[PDB]
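Engineer: Everything below, folded, please.
(3 chains, ligands or ions: 11)
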Amino acid sequence: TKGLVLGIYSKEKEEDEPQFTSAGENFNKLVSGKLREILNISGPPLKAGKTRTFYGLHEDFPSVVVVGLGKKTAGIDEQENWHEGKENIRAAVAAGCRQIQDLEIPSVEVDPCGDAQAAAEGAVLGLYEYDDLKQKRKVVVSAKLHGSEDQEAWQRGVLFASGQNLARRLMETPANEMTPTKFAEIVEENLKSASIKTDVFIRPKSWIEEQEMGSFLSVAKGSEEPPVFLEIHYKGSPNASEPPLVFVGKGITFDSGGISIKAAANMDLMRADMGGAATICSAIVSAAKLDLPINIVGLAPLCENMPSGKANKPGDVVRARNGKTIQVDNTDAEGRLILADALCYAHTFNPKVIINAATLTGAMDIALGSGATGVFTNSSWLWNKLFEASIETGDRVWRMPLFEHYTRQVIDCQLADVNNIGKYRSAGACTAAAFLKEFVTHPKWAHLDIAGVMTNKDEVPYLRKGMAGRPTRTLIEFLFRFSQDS
Amino acid sequence: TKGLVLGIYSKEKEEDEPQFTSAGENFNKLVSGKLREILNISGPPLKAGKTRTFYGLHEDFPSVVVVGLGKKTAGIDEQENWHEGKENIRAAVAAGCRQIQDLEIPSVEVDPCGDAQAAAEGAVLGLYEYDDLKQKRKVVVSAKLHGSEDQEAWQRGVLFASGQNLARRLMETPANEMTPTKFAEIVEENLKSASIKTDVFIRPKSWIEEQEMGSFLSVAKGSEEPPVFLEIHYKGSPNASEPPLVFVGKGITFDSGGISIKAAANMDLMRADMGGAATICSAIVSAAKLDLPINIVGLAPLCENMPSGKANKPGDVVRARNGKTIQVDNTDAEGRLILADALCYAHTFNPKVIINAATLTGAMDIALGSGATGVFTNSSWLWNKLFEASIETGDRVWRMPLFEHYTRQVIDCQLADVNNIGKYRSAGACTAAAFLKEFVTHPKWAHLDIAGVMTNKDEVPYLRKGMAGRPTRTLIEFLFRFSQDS
Amino acid sequence: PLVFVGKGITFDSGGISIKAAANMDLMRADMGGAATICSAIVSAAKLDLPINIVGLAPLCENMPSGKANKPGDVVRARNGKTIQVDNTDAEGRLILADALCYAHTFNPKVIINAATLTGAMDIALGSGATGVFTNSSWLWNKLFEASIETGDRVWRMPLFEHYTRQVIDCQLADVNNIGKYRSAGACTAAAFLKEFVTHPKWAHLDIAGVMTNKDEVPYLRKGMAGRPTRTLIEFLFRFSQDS
Ligand SMILES: C[C@H](CS)C(=O)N1C[C@@H](Sc2ccccc2)C[C@H]1C(=O)O
Ligand SMILES: C[C@H](CS)C(=O)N1C[C@@H](Sc2ccccc2)C[C@H]1C(=O)O
Ligand SMILES: C[C@H](CS)C(=O)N1C[C@@H](Sc2ccccc2)C[C@H]1C(=O)O
Ligand code: NA
Ligand code: NA
Ligand SMILES: [Zn+2]
Ligand SMILES: [Zn+2]
Ligand SMILES: [Zn+2]
Ligand SMILES: [Zn+2]
Ligand SMILES: [Zn+2]
Ligand SMILES: [Zn+2]
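Structural biologist: Numbers count the residues shown, from 1 in each chain, chains lettered A, B, ... in the order given. Ligands and ions are numbered 1, 2, ... in the order given. For reference, the structure is listed below:
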């Protein structure tokens, strides 16, 4: 059994009937107009993201799912900050593929819908499900481009989507499996499979201690799970000495909050508190697969945050790699602690830019939810590049303020140079960002608080319920454009 | 456009292919085997509750939805306490009708599926949606029996389902619309439309005061919304002097908890705190439509429970109609307060049985959730009758204990004869039931705590998300059988 | 005229969806939206700006009583849209729905509303800046530029259908006065308001985070801040000269 997903646009006022994509019209022609005929008979027109299934139209395609693509000329939506057409395609195709999968069809050919990359992303992101630990699973669906004219674009979409799906897998996987060591090993095998122009160092605790990362170590010690500092190098630049772009990701494989223990409700989701590491590492893996002509370094401090007889204690003062002391008033604000040391280390690479990602604050979720990743940056150039890339990917970013106003609230510290929690409970994502900035001197640094986009329920149509792996594609697009432009 | 819902059973080992119902096979014959042909082509067999849509099979039915009915011989499931076949039909048909509605088809003919009543209930309960206050609504679907051989059974199903839908409407409707007065007027018009052998008395506050219902009055006074004591009579017995069956329902049109105010989260659902009144009144309306040969009296104290300068105050002692004093330690345990007076009044009718329904305790929800209505009764005969009726309707009941063990915890009262909350927080539904029992001397009394079945998310397949109107059909079935048996 | 709308809840107890006792006294400033836009207009008048301005401020208290809004109640806005009041403490958007509808009758050049609308806004940006939701980048830029001068900063927040979807997914009515999820509270609140706006140049300022000052703004003693009144004044001044 082989399924087929075909797109149809919303009817324009000047048109007598909704128009099929080129593939749709061709298939209709192939079946002597039976597709149009049955679609007409089926009832109301298919709107954006809606689907309808027709059976027995062609011996090779017992199941044909037509999906609504919305307005054919839908481009950049000035109000939504994204290319609407691409988003329509991703959603429609995802919906179509899910329908094919529900019919238990193992193979599906997908209409490029005028944008093969978007179509591929919809199919690949849409079909993804982390079901490795389930006895009962949906049929594995192999999605392929319908036709052979948009191959590179289609594969580009598969690549981008696969990068995000890698992040989703890493985030979704339970923490007892996805330990710091396991995460590092999976990223290592993926990066090495992507290109041999790579180096991966799964730095052990001894190295971390040697690097004087007391902040990171303070978080890790509460747990019996060994911490690791993942360092990955992708040497894509023609010039080996070319300064690299450095990505840093919060890799808390599991966050119980530590002594400042979290509430039980939905704490299981904290297995994705390493989403920052997942997204930046996956983006680098994808950059390597794209063979981007740039040098990139990925840094991911990985550990668990657990309560125990040797765990971080509220009030404890720890020393970051840069010598700055930190008062750990709340052990559940551990992401900024490990990032302090990772960000310090990031400067040793004399990077062109430093971008960190982290499921850093619930405040970010309360601020923008899953609508967009919050971006704190001291460079409007960098903000604009990330923003422009997000318009293309649809995985939106929204700028958040890096004001001294917030810095003042974290450096007002009773015992040390900086407190790991603001003196007020307001603007949690902003004070967390201000804290990170105290460990950054680089002129082009961007902090992405992805706590709000850590999961998906139904907000992003082409992502099934679960860890979202956002905004991996936006980072990939950013890297791609940087390798071409910047 | 006219849609068609046809059923197909799960294939038995001895059969070469899954068997259609009589209507399905006949339609297939009508379309020269095209239905079977396309179903075969469509893929995997249809399992219970699953559906698949085929277009253009017949000029009169552009859309045909085949629904899986499960095992043809599925009967009473000893482990689930219900007739599985009927439940399969209700679910499958509901699913089929929802599919027809999504296609925006205004008319649908429904396969009786070997049990027209179950089919009708699935279609009518399944299509129901309270959308009176919405500008955007789904297409109104008119469901009718496919064929003309199972008319009475089909109409019986429509009647039962309509009774439940009336309860759902009353429960779902916002409290500012569904006031005590409005509820009474809607029940009145429905009962009177059902039969002229009825009397309805929308008793005003003056009557309530005359009846010395101090407990009920104490609850109502906090709100500016006038309370009413709905009294409905259905004189179906050939003998006017025949003792009536008396139904009592908690009619709190809105419960804020009063001075013992509720938390904000999901308090909107308390607009259905009159579900007890809704279900028993709807059951009586349906009994009247069925023209059951029995006398039935419905009693529903209706009021709001609001905080104000004259509302019930914790610790206040009120006097029930029977002279018993009640210490109101928690003003949010108001349902038992109004029921105390209604139950007392119920005895004046020298009833054969007294059955009250109420969304009485969150404890009931914690106990059985929406799996079944908790039934507290001092009569195993009555319990068995309710239980047997529930097997048929699928709207299950589960017996809960009326032990002195619980009574002791409510009569251990600091200031009065009985405390409106137990001395311990355990067995909340049982102590609430024990409280009610202090106002009952009748040998055949059953208290139904329907708090757990007040709403539906997806537990009952044939009920869309919202107020469930449960267990209205079980009460109707009980009445029907009582009119025939008892 | 340019039309300004301000949430004027003189006191908010939350109503039946009653607030916690801690610091509820600050809710006497839940009319800050009305205060800032009205004050800005007074100042515009004192500046004798050559423009027509209309100020709209629905004013009332939100109290619990025997006749108060009940969770689940469905009310009808001036534009005929029904609203499910799931949380009576999300009352600012309820009164603004009617005020925003009325604002359109003036065929305004722009519609700007201010409101101490969500605690989510405070959690989002605190007192660092007023959150600005607008369907006009031109309007956003004008407000932003004015804020640079006044120092009473504004920061743009998203008006995405993403949030709209979460408020129009309503059990009983056209729109629910609280999102289906607890995330992005200021954004869903803004989306709710947008359902009562058809104007091409509308800006919603959630000033809940800048309602008070402790010591963040050096030149403001502890207490209600009256922000971002000056930014609105500057905006009006420049509009009277430029736009
Ligand atoms: C998503 C983050 C990172 S794991 C997180 O859970 N935080 C960070 C801080 S915020 C915070 C909460 C209270 C006082 C001070 C700061 C602690 C914890 C929380 O919200 O209680
Ligand atoms: C569903 C019922 C009826 S409205 C309800 O809400 N109850 C009844 C009592 S239980 C209760 C709770 C604490 C102490 C004593 C009794 C009060 C209220 C509640 O759960 O807090
Ligand atoms: C500052 C605003 C306006 S007065 C406010 O207090 N809100 C608005 C809503 S948010 C909200 C909270 C819980 C569920 C749904 C929405 C209610 C109240 C609050 O935070 O509990
Ligand atoms: Na994980
Ligand atoms: Na109701
Ligand atoms: Zn934490
Ligand atoms: Zn964390
Ligand atoms: Zn109550
Ligand atoms: Zn109640
Ligand atoms: Zn409020
Ligand atoms: Zn308010």
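Engineer: And residue A:356, how close does it get to ligand 10?
Structural biologist: 37 Å (CB to the ion, to the nearest Å). Any C-beta I mention is one placed from the backbone N, CA and C, and that applies to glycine too.
Engineer: is any part of the helix or strand containing that residue close to ligand 6?
Structural biologist: The secondary structure element spanning residue A:356 is strand A:353-358 (assigned by DSSP states H and E). No. When contact is scored as CB under 5 Å from the ion, no part of strand A:353-358 falls within range of ligand 6; the minimum is 10.4 Å.
Engineer: Which other helices and strands does that strand contact?
Structural biologist: On a contact count with 3 or more CB pairs under 8 Å, 6 or more residues apart in numbering or on different chains; DSSP states H and E, strand A:353-358 meets strand A:245-249, helix A:275-289, helix A:335-346, helix A:380-393, strand A:445-449.
Engineer: Which parts of the stretch 151-300 of chain A are strands?
Structural biologist: A:198-203, A:228-235, A:245-249, A:251-255, A:295-305 (DSSP state E, counting those that start in this stretch).
Engineer: re the thing from before, kindly export the strand holding residue A:356 (C-alpha atoms) in CSV.
Structural biologist: Taking only C-alpha atoms (Å, rounded to 0.1, in the frame of the first residue of the first chain), the coordinates of strand A:353-358 have been written out as CSV:
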residue,chain,number,x,y,z
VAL,A,353,28.9,35.1,18.1
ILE,A,354,27.7,33.3,21.1
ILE,A,355,24.1,31.9,21.2
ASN,A,356,22.8,30.0,24.1
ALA,A,357,19.5,28.2,24.4
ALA,A,358,17.8,27.1,27.6
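Engineer: So what would you say the end-to-end distance of stretch A:210-229 is?
Structural biologist: End-to-end distance of stretch A:210-229 (CA to CA, to the nearest Å): 12 Å.
Engineer: try stretch A:342-354
Structural biologist: 11 Å.
Engineer: any idea how far it is from the chain center?
Structural biologist: When C-alpha coordinates are averaged (CA atoms, centre = their mean, to the nearest Å), stretch A:342-354 and its chain have centres 21 Å apart.
Engineer: Of all the residues in that stretch, which ones are buried?
Structural biologist: Neighbour counts using 16 or more other CB atoms under 10 Å in any protein chain shown place A:342, A:343, A:344, A:345, A:346, A:347, A:349, A:351, A:352, A:353, A:354 of stretch A:342-354 among the buried residues.
Engineer: Could you do stretch A:236-244 as well?
Structural biologist: Those would be A:236, A:237, A:244, for stretch A:236-244 by 16+ other CB under 10 Å.
Engineer: and for it, what are the contacting residues?
Structural biologist: The set of residues external to stretch A:236-244 that reach it, using CB atoms under 8 Å, 6 or more residues apart in numbering or on different chains, is A:195, A:197, A:233, A:287-288, A:291-297, A:349-352, A:483.
Engineer: of the residues you listed, buried ones?
Structural biologist: Buried subset of the contacts of stretch A:236-244 (neighbour count, 16+ other CB under 10 Å): A:195, A:233, A:287-288, A:292, A:294-297, A:349, A:351-352, A:483.
Engineer: Tabulate the residues you listed (JSON lines), appending distance to ligand 6.
Structural biologist: Converted to JSON lines, the buried ones among the contacts of stretch A:236-244 look like this (distance: CB to the ion, whole Å):
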{"residue": "A:195", "distance to ligand 6": "34"}
{"residue": "A:233", "distance to ligand 6": "29"}
{"residue": "A:287", "distance to ligand 6": "29"}
{"residue": "A:288", "distance to ligand 6": "30"}
{"residue": "A:292", "distance to ligand 6": "33"}
{"residue": "A:294", "distance to ligand 6": "33"}
{"residue": "A:295", "distance to ligand 6": "32"}
{"residue": "A:296", "distance to ligand 6": "27"}
{"residue": "A:297", "distance to ligand 6": "25"}
{"residue": "A:349", "distance to ligand 6": "27"}
{"residue": "A:351", "distance to ligand 6": "27"}
{"residue": "A:352", "distance to ligand 6": "31"}
{"residue": "A:483", "distance to ligand 6": "34"}
